[PDB]
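Q:
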Amino acid sequence: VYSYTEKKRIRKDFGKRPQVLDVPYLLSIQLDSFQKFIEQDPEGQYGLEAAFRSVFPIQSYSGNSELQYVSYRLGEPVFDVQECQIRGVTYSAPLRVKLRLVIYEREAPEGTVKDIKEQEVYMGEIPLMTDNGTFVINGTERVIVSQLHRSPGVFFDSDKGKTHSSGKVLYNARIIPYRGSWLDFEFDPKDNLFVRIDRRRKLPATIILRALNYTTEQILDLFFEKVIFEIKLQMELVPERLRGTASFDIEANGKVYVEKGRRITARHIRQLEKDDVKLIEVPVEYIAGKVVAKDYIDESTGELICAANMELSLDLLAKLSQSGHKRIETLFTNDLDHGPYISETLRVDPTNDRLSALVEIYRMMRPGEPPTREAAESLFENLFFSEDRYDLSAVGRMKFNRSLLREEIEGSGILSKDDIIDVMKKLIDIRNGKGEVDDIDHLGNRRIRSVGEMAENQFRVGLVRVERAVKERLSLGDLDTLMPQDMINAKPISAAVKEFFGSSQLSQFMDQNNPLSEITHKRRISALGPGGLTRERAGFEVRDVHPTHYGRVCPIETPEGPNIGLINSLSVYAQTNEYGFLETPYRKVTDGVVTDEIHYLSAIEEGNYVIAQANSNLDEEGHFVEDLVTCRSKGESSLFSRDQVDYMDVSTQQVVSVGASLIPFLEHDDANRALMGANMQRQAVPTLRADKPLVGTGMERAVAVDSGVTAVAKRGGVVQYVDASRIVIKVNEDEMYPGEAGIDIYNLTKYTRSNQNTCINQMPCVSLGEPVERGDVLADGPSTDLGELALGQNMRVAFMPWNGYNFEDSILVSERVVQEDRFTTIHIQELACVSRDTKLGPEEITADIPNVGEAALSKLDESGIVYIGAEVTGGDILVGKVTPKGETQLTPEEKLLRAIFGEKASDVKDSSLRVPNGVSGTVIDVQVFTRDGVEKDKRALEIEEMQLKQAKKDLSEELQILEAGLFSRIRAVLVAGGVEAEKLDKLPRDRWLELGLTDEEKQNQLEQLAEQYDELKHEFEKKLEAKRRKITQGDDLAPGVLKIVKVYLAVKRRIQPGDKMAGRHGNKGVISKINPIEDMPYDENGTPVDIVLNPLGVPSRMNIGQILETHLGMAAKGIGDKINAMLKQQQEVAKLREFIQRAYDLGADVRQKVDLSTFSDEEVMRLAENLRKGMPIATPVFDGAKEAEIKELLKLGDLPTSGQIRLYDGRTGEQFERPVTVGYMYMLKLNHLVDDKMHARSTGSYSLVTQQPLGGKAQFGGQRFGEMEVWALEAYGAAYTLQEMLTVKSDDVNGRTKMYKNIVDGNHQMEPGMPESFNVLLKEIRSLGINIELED
Amino acid sequence: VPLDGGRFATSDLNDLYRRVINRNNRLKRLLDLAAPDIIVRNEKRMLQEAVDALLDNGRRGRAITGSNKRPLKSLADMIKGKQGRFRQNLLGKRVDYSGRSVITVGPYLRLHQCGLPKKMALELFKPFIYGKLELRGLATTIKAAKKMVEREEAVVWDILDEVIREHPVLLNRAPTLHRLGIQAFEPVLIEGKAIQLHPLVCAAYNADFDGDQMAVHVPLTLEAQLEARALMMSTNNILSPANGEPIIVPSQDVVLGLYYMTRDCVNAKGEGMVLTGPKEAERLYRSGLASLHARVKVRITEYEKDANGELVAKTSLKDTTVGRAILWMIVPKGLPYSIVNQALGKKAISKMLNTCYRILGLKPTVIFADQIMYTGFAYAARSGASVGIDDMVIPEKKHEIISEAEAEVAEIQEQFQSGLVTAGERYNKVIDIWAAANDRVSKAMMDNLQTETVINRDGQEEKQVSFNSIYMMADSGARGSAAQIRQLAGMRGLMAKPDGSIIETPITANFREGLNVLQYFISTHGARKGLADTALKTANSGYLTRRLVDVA
Ligand SMILES: [Mg+2]
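Top line first, the protein sequences correspond to chains A and B. According to the numbering used here, the first sequence is numbered sequentially starting from 0. According to the numbering used here, the second sequence is numbered sequentially starting from 10.
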């Protein structure tokens, strides 16, 4: 089975490896996120429901009045996508929420209420996402790129011992919430545990424990074990504790257990445990340095003998013994394993009780204010533990529980005491050599934010502002007769949403160079933006490719420049977990069989499995072939036995992104060259006619269709009508939705401007009566050819020097390539003329202009606006406008001139739109916007009339289509009687209603359908009125502008020396010459070579996939030429069938299998006609075509297997020695045109404050003469060149004006003077209060 | 300043002055009202804060902000910070009479001239054209001349050609690292919109032709023109100022042409012939009666300055190839014949140019460089040297070497598993084994690639240097080295880790074959590091150079 669009031209496919999983919908991340955002969710946890439930209900002081939330909805947008783009307004929907205010009376707060007021309130408009994943914000399509940010939870790390001279690692922990403060624990160089709250001054860690109502004894009990001394002077012994160098060896059972001096060993512990040793005697000296555990007092006088966590001495021991204390508790410690860390901090902790700790925290928080008990308590209890001020999101709670090894996925978003205790315990455990730190680049630790979440955060911010405002309003008064609509101000809510969507770092203009650029822009992951790291604070730790990127983020496609490794691209099969973590699919492996069920594994979950490789040989039954198979275990890769592998890669492309999966022979390219190739391939400019690649990878069709450029059929059927601007499909009877007419109309997008000023144009690729099915393409967009992506052209290329015209990276091009308009592009640009009102009066758009002698008024109509379709060159007038001016104050020698010649002043200055210099196109569209008060001119009324006619026509079509369904329904209910299967159809269609059957369900249904028909008629009259109102209504122009005239010019740029051209393998160059055809190298048949490339560029830049592409393209074109020769002699279809069949089955057991026995003669001839320009070939990325297959394909044609032929010199006819490599390569025209880059200036406008030439080509600016150029001129002895650069050419007003007069007088001399910059500097310094002066 | 639509744009100094004046007037009012001391003290503190924020914003309690939430720019902030007058406008500023555009090759040019677009030239030299038009009477006034140039009348192009005749233009490329980044050339008016740059100067600019752009400035004064002609001309700067070596050496295609021309093979057409001179050699080569690599005997006459500058001549019968005799026709007089009697790789050509400069002078060297460039281009084109897949010949015994290395590493691993060697020792052992295997593979590849068998004058086997295109490119110095050929036809080698360590198992596949998906990940590991290091090195070098020019 082959698709009808895919059966016209089948691309021969190598790629032995089978396919088990098909590429998913590419731009599904954006659509899923935004769908989750705006969606009625019964249990509010996504989007607007979550925000409303999190903020509302809002309660006033004492709970006298409560504001509740009920539901929300989105109305239909007033302007659709096309109208929004046309008139430069956002495409959004109004969010209307039904709130309910309830007022409580006195007496019992919980009970009856005075009354309730429920009302709908409008709060802001939310932008809507187009069906392709874009937002129309101000008439321009935007894209909001996902963000890769460190997920909330607890992370343990260390400084690697580099912040201190001693070079000792200082561990630390950090709790990062979704919103809140950062509770960080840290180890001081002296091993003292400190804590910081917002990266502020340090405090002893245990202070926080004292802030949680913990005593010293409780602290030591939690963070230490206990040892008991009994009295004489007998201590209980635990064999495990004394793992290991002892003062007193042992005293157990009296006789002997071990001698002095020898370190305790495992055998000693075994003997002790076997003998059941529980108590022993030790010398008092053994307790010299121990620390008491709990407080000890005296029963005689109730005096504190010694406080807890205090040093123990012999005198204290004697006092306790004589005071009647027998059990003494000390803290089990050990310099190696159980080092003393909490005890030292306690001895260094200033605080003694809760109040002191709270006051210290308060003073650290907001210093300078007088602390108070209630104030400190409130501050601490609100810092965390408060829902409104601290949130540990569900993902944060999940990671927090997992990190501390808990089985509870869910919980609360507020830190408890157990959480902090466990975090401190685990940090101590890490310090004691037991445990591992966390890696921060691990993709198991980084999460992805999308549009539907970044927008939800901003909406909730606005809603919190509203909560503040309404609570303030209810604080005072609480008057009655107050509806829930005077408290809600829309602007605060809309402010955040507008700021985010319009002016944000992650919301950027879309790339519309071609479908690939759009696709790769929509699925782009950025580490920058709000809440993420910055360019100047990201080291190579985060800019490098981690082992966890395998299958989730592409390692090749990344920008090269200031931010390399901070912006990456999602992989082909990568998917986002429920929490926001990238996950990738692996085909499960049973005991020995590789089953076909896929599991999506995340970075953390993938570590503890053994995953085979996609290029692993499999038997027909699924069993592995080799005894040992290469698999990538936790961190590395190695050979594993056949029976200990539990997953396999689902494809060979799943490691690369869509951009890098379109490069054939990628594995033969150096990584740098592949990176450059992808980045440049994103920049190809669509040309006049699309040209499919002769060598592809099979990903062209997916990228073309999954982009919105093509027109894809929604339901199958037969093409009823085709036209240059519409397709009418007659749906099949199987999928009719019986209530519908059964036809679908696709309106094609004709010549339209893109963000890059290129041309967007859809043209049909179907004919009348041609069957179609669901998913087939019907109209190719820009850079698509019968549904396949086609970014460039197949050029016949030769590798040889040819006289230094391809010296470094230059390219020598033939004139046959310029004659055939292969790399000719169409560009569309709009120019605006704005007529405002000035103080002296209004500005007029008119055809009568001063000082223009009717030469430039040829193309202007009676209203002063250029005719549509006119061919205009640089300097011509497009719209004629004049501005009122004031008195001119003529000078002498000019007053006399006017007196002599008697010519009065015009009184109006000429300020009219004119074509920029160097541009020459044709006016294809003119549109005029007038303010509601101003009167429309003739041209505006003409345009309005045309629009009205078009709207009427379209609405008539819609009505005629709709009435057919109702007539079908009528005919359906007239079947069981009074039905003439033959006679009825011939009479007028409108008589269906007249006939009546009987007083039954049939007549009632007929009458109801007649009423529905009348309702439909009235409805469409209403819709015609609506369209008329939309056309004729005034425009919401900016204040002060009377009207705007926009003129669209369509330039057609050819290819010229200086234009940049590149292939898919990171091989770029600049055209150096357009050689005549009779000068190009030619072969024995006289066929010239389109392009000549330098071979010296291949060895150093080890991208030898271009040579393989050249050889395979030569083979494909040879097959195509043989088919063309067969087809041009009008041979029988049997010969073509045989040849095409034997050309579609080559290689070492490829997966593709096309059978031409099932092709009808018409289909075979159609396929042959589509293949006469070359047979397309597919070469998957890491599963491509082997060299032997290329040789065999070359031999199928009559070409030499070497890939090299003998060439002759066009100039002399002498054959080149040592034959050269010729073939076909796919060349692109990158969007770096010399037309947009040539700039020259002699004099122009100057800046305002510092009188220097403006900058840029648009400003007609100058070239910056930086400091290094000054150093270069100082290295020479060029003093006069430097001086004239510094003064007369830049900012010496009198000097620069005298130089011009000198030059026009044939006198090349200057009187420089002093630049204005130094004068500004002197004035600024004098303003500072200093007295800087120029002496004499 | 007023903008369109009634909107205004103002500096931040207006806000600071307004605040100062407001607080000062309020203080005077309070002193007038005899207010309690607390209020006047607070007002005086506010006035102090306002004045200090006016003079310098940052260095005090936070910093005042405007309508938006960015800090206001004070007087001090307008003088410093790399955006002030000292560094933003007083040493580097935008200039008139300047343009920029992409650059192309133009191999026909002479060393002292560059190709300039006609439209750029018309825009840059506009006042000169007005002066010429008025001077010769073709225009009554400057307005008439302006209209004439705007309409681009026929005479305007003749006037432009007259103006451009002898008037240098400075060409500059953005990263000006040394003083050879600016040079003066004579314009040659061309069509199109791309500047044509002589190949020999590219190395001085560090420029290639894959999208680079250049800026062009035009001197105005007579002193500036004479400085451009006598100081900055491209025919004056042929030696590097860092070291006295030449800096106009032919780079990659000229070298390939001259290496192919001056090269011998065992048996070619017309071997053993005796020629009357270089002219007969060229006549035979062009008639097709002899090969460019044919060991013949030629009567060569060479001059020598073995006196007080006399150039005495000696005639003899040298043994050379046809190509060397042909090449000898461009060498100036005073040089010997042994310079062009070898293979002439990359270094030999530079040595030849240096000898010419030191023996003869400047002008002969300037002519010699152009002749070398032309001949190299011509004969590189004539050779038809290309690159194919079959040129990358993999050793026939690579797989055996890989198998031996695998066996040895397996033996070492199982020996470690028996507790005879520690982890570090066995890791070093495996690293050494793989290094030895890589060296053996490289040696086999190079030995198989650098020679070929040709037969013969009589019929016997005889080895000679290979004519493999890859080997010719690498050996002549035109492009490539040993590492690139090793990666293409040997084994890609031993990779590193982000930690900086070395992965024990290397990439055993080359680029003629393919790297599997697991071997292509380790390569991406290193490419990213390379790019980042390049950026860092550029930044550090710039900072060092600035600090070094500041002191001296
Ligand atoms: Mg470059």
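Where a beta carbon is used, it is the ideal one built from N, C-alpha and C, also for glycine.
For the 8 Å Cβ check, are there 3 or more pairs between the segment 206–222 of chain B and the segment 1060–1075 of chain A?
A: They touch, by the three-pair rule.
Q: Mapping DSSP to helix, strand and coil, what is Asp437/A?
A: In the first sequence, the residue the question calls residue 437/A occupies position 438. Coil, per DSSP.
Q: On the DSSP bridge list, what partners appear for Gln1105/A?
A: Start at 1 with the first residue of the first sequence, and residue 1105/A comes out as number 1106. None, per the DSSP bridge assignment.
Q: State the Cα-Cα distance for the pair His826/A and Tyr1047/A, rounded to the nearest angstrom.
A: As a first step, residue 826/A is located in the first sequence; it is residue number 827 there, counting from the start. As a first step, residue 1047/A is located in the first sequence; it is residue number 1048 there, counting from the start. Cα to Cα, the separation comes out at about 10 Å.
Q: With which residues is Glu328/A paired in a DSSP beta bridge?
A: Translated into positions along the first sequence, residue 328/A becomes position 329. Paired residues: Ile227/A.
Q: Please compile the residues from chain D whose C-beta is within a distance smaller than 9 Å of the C-beta of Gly15/B.
A: In summary, chain D is missing from the structure at hand, where the protein chains are A and B.
Q: Using a Cβ-Cβ cut-off of 8 Å (strictly less than) and excluding sequence neighbours within five positions of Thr837/A, which residues of its own chain qualify?
A: Position 838 of the first sequence, counted from the first residue, corresponds to residue 837/A. Closer than 8 Å at the Cβ level, and outside the excluded window around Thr837/A, lie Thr882, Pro883.
Q: Would you verify that the beta carbon of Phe425/B is, or is not, closer than 8 Å to some beta carbon of chain A?
A: Sequence index remark: in the second sequence, residue 425/B carries index 416 (1-based). No, its Cβ sits nowhere closer than 8 Å to a Cβ of chain A.
Q: Does the structure place the segment 474–493 of chain A close enough to the segment 175–185 of chain A that three or more beta carbon pairs sit under 8 Å?
A: The segment 175–185 of chain A is not in contact with the segment 474–493 of chain A.
Q: For chain B, is any of its Cβ atoms less than 8 Å away from the one on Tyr1223/A?
A: Working through the first sequence from its first residue, we reach residue 1223/A at position 1224. Not closer than 8 Å to any Cβ of chain B, the Cβ of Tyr1223/A fails to qualify, so no.
Q: Three Cβ pairs or more, each shorter than 8 Å: is that satisfied between the segment 382–389 of chain B and the segment 1165–1185 of chain A?
A: The answer is no - the segment 1165–1185 of chain A does not touch the segment 382–389 of chain B, with fewer than three Cβ pairs under 8 Å.
Q: Between the Cα of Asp220/A and those of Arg815/A, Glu328/A, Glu892/A, spot the shortest distance and give me the residue it belongs to.
A: Taking the first residue of the first sequence as position 1, residue 220/A is located at position 221. Ranking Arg815/A, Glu328/A, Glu892/A by Cα distance to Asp220/A puts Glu328/A first.
Q: Which residue comes first and which comes last in the alpha helix (DSSP H) that contains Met423/A?
A: Counted from its first residue, the first sequence places residue 423/A at position 424. Element bounds for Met423/A: 416–430.
Q: Run through DSSP, which three-state label would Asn171/A get?
A: Sequence index remark: in the first sequence, residue 171/A carries index 172 (1-based). The answer is strand: DSSP assigns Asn171/A an E or B state.
Q: Examine the Cβ distances between the segment 196–209 of chain B and the segment 114–127 of chain B and report whether three or more of them are shorter than 8 Å.
A: Touching, yes.
Q: Expressed to the nearest angstrom, what Euclidean distance is found between the alpha-carbon atoms of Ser516/A and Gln682/A?
A: Translated into positions along the first sequence, residue 516/A becomes position 517. Translated into positions along the first sequence, residue 682/A becomes position 683. Roughly 7 Å between the two C-alpha positions.
Q: Is the CB of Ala670/A under 8 Å away from at least one CB in chain B?
A: Position 671 of the first sequence holds residue 670/A. Yes - at least one Cβ of chain B is within 8 Å of the one on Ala670/A.
Q: Is any heavy atom in ligand 1 found nearer than 7 Å to the beta carbon of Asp217/B?
A: Against the second sequence, residue 217/B aligns to sequence position 208. For ligand 1, at least one heavy atom lies less than 7 Å from the Cβ of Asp217/B.
Q: Would you report the Cα separation of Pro554/A and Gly101/B, rounded to the nearest angstrom?
A: Here residue 554/A refers to the residue found at position 555 of the first sequence. Here residue 101/B refers to the residue found at position 92 of the second sequence. Approximately 40 Å, taken between the alpha carbons.
Q: Straight-line CA distance for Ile115/A to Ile742/A?
A: To locate residue 115/A, count along the first sequence from 1; it is residue 116. To locate residue 742/A, count along the first sequence from 1; it is residue 743. Answer to the nearest angstrom: the Cα atoms are 51 Å apart.
Q: For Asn137/A and chain B, any beta-carbon pair shorter than 8 Å?
A: Position 138 of the first sequence, counting from 1, holds the residue named residue 137/A. No, no contact with chain B.
Q: Relative to the alpha-carbon of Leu1227/A, which residue among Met679/A, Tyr68/A, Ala92/A has its alpha-carbon at the smallest distance?
A: Here residue 1227/A refers to the residue found at position 1228 when the first sequence is read from its first residue. The option with the nearest alpha carbon to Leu1227/A is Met679/A.
Q: Can you tell me whether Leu839/A is buried or exposed? The criterion is at least 16 other CB atoms within 10 Å of its CB, across all chains shown.
A: Working through the first sequence from its first residue, we reach residue 839/A at position 840. Answer is exposed; the Cβ neighbour count stays below 16.
Q: Taking Cβ positions only, does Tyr646/A come closer than 8 Å to chain B?
A: Here residue 646/A is taken as the residue at index 647 of the first sequence, counted from 1. So, not an interface residue.
Q: Is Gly132/A near ligand 1, judged by its Cβ being under 7 Å from some heavy atom?
A: Your numbering for residue 132/A matches position 133 in the first sequence. Result no, Cβ not under 7 Å from ligand 1.
Q: Chain B partners of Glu1162/A, CB-CB under 7 Å?
A: Along the first sequence, one-based indexing puts residue 1162/A at 1163. Per Cβ cutoff of 7 Å: no residues; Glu1162/A is ~36 Å from chain B at best.
Q: Assuming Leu581/A contacts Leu442/A (C-beta within less than 8 Å), just tell me the rounded distance between them.
A: For this step, residue 581/A is matched to residue 582 along the first sequence. For this step, residue 442/A is matched to residue 443 along the first sequence. Yes, they are in contact, since the Cβ atoms of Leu581/A and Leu442/A sit about 6 Å apart, within 8 Å.
Q: Going by beta carbon distance, what residues of the same chain come within less than 8 Å of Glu132/B, once the five residues before and after it are set aside?
A: Position 123 of the second sequence, counted from the start, is the residue given in the question as residue 132/B. If we look at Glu132/B and ignore the five residues flanking it on each side, its Cβ neighbours are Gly108.
Q: Taking the continuous beta strand (DSSP E) assigned at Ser1071/A, which residues delimit it?
A: Here the question's residue 1071/A lines up with position 1072 in the first sequence. 1067–1074 is the extent of the beta strand (DSSP E) around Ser1071/A.
Q: Is it true that the CB of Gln146/A sits closer than 8 Å to the CB of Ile447/A?
A: Numbered from its first residue, the first sequence carries residue 447/A at position 448. Numbered from its first residue, the first sequence carries residue 146/A at position 147. Yes, the pair counts as a contact, with Cβ atoms nearer than the cut-off.
Q: With the cut-off set at 8 Å, would you say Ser905/A and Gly879/A are in Cβ contact?
A: The residue labelled residue 905/A in the question sits at position 906 within the first sequence. The residue labelled residue 879/A in the question sits at position 880 within the first sequence. Taking 8 Å as the Cβ cut-off, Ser905/A and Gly879/A do not qualify as a contacting pair.
Q: Got a sec: which bits of the segment 1279–1308 of chain A sit with their beta carbon under 8 Å from any beta carbon on chain B, in order along the chain?
A: Those would be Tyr1279, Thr1280, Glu1283, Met1284, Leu1285, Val1287, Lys1288, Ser1289, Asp1290, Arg1295, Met1298, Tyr1299, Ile1302, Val1303, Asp1304, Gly1305, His1307, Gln1308, in chain order.
Q: Given 7 Å as the limit, tell me if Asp221/B has its C-beta closer than that to any heavy atom belonging to ligand 1.
A: Here the question's residue 221/B lines up with position 212 in the second sequence. For ligand 1, at least one heavy atom lies less than 7 Å from the Cβ of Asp221/B.
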